[PDB]
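Written out below as structure tokens is the structure these notes cover.
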Amino acid sequence: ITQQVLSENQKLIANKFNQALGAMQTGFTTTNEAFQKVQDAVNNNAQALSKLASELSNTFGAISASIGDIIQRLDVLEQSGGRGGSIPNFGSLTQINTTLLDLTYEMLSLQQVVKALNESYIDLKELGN
Amino acid sequence: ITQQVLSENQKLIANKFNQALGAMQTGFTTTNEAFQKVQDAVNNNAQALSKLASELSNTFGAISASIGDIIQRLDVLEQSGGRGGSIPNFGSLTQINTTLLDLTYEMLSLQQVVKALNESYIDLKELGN
Amino acid sequence: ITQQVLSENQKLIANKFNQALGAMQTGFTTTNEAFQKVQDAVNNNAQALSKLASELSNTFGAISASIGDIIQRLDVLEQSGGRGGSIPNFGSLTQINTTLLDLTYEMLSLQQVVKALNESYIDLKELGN
């Protein structure tokens, strides 16, 4: 253990740390890119479900009215004083409550983390005077 | 390269490392908060889909029965010995198989990672005696 | 501040760094495992929605045709030259556009990050000659 060895070991530590830093930045950048894709996927399929549900209600409405008009035509033909089958109630779908994913705070945070990691690099210039 | 320079460089390395540590903790904490929001979003929209599907089957059931009762009334009026259009089969929806997201192991793990990072901080007290 | 103290402090720094490294690997491995579960969950529920939507269109088709056949039987009984209620249009559902989650690039990247972190470990063998 000499001083040359000490300062050479300092370089080993600094380089290993700088090596790890680059890996962290990649990790958090990749994590961030993944969250963006997840947010977009989840939101797209929630909007499709919400849209379908409204088109479904729109369809059931036309079916129910059509059936109602058929029952009213049966009664006219039956001449039974409206003693046939009453017009049924088909209820309604529950308004879909969808959760939209908003990871804008989290994604900007990871953007800043990678950035702060970049400020942590050990410049070999500042070592050994 | 003197000893003062060596110990001053040690402080540079330690501080840069402590600087990076804080960034890692933020990164994994933010990642954890994001996963919680993703889990809640995915699960909420899967429960909405599952609920809709059951209300849809409930609606188709009332429609099919109503149509069946209309056909039976047509036959009575037609007096053709039941030679009109038979009552159609409208099948049934496939039971929705939804996947619920359970990231409780993963989220507790990230909680522990941030915690273990905190145990890795270099206290300047232990340097230079 | 002696040389023994300098090299002992080097060990403290190296060990603290190696300690943090293990935590990073756990963090990015856990993050990766979580993304896999998210991808599988999101995709499974998108396929269920897509399947339901097709079975819904298949059901509406049989309902509409059945209603059309009922109207045509009403007209035959009414003998009014087809002056009753016309056959209604029930439209069609919009083809569901679902987004499938493909995080294969991102998940292989995190696999490599953990791996590159492993190459950053400071082996105490290379210190102090």
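Identifiers in the structure tokens: chain A, B, ... in order shown; residue index from 1 per chain; ligand index from 1 in order shown.
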Return the neighbours of chain A among the residues of chain B, cut-off 6 Å, counting only C-alpha atoms, as a PDB file with N, CA and C atoms, in the first residue's frame.
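Output below, filename part.pdb:
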```
ATOM      1  N   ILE B   1       0.099  15.103  -6.410  1.00  0.00           N
ATOM      2  CA  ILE B   1      -0.603  14.114  -5.599  1.00  0.00           C
ATOM      3  C   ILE B   1      -0.002  14.001  -4.195  1.00  0.00           C
ATOM      4  N   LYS B  16     -20.147  12.782  -4.387  1.00  0.00           N
ATOM      5  CA  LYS B  16     -20.735  12.428  -5.675  1.00  0.00           C
ATOM      6  C   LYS B  16     -21.606  11.177  -5.562  1.00  0.00           C
ATOM      7  N   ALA B  20     -25.664  10.858  -5.953  1.00  0.00           N
ATOM      8  CA  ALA B  20     -26.340   9.902  -6.817  1.00  0.00           C
ATOM      9  C   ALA B  20     -27.377   9.090  -6.046  1.00  0.00           C
ATOM     10  N   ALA B  23     -30.747  10.562  -5.776  1.00  0.00           N
ATOM     11  CA  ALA B  23     -31.428  10.503  -7.064  1.00  0.00           C
ATOM     12  C   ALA B  23     -32.033   9.124  -7.294  1.00  0.00           C
ATOM     13  N   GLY B  27     -35.952   8.100  -7.840  1.00  0.00           N
ATOM     14  CA  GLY B  27     -36.314   7.328  -9.014  1.00  0.00           C
ATOM     15  C   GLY B  27     -37.163   6.112  -8.694  1.00  0.00           C
ATOM     16  N   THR B  30     -40.595   7.218  -7.123  1.00  0.00           N
ATOM     17  CA  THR B  30     -41.471   7.673  -8.195  1.00  0.00           C
ATOM     18  C   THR B  30     -41.963   6.502  -9.042  1.00  0.00           C
ATOM     19  N   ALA B  41     -55.585   1.771 -11.990  1.00  0.00           N
ATOM     20  CA  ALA B  41     -56.245   2.089 -13.249  1.00  0.00           C
ATOM     21  C   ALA B  41     -56.664   0.827 -13.996  1.00  0.00           C
ATOM     22  N   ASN B  45     -60.763  -0.481 -14.574  1.00  0.00           N
ATOM     23  CA  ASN B  45     -61.347  -0.639 -15.902  1.00  0.00           C
ATOM     24  C   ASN B  45     -61.667  -2.089 -16.246  1.00  0.00           C
TER      25      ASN B  45
END
```
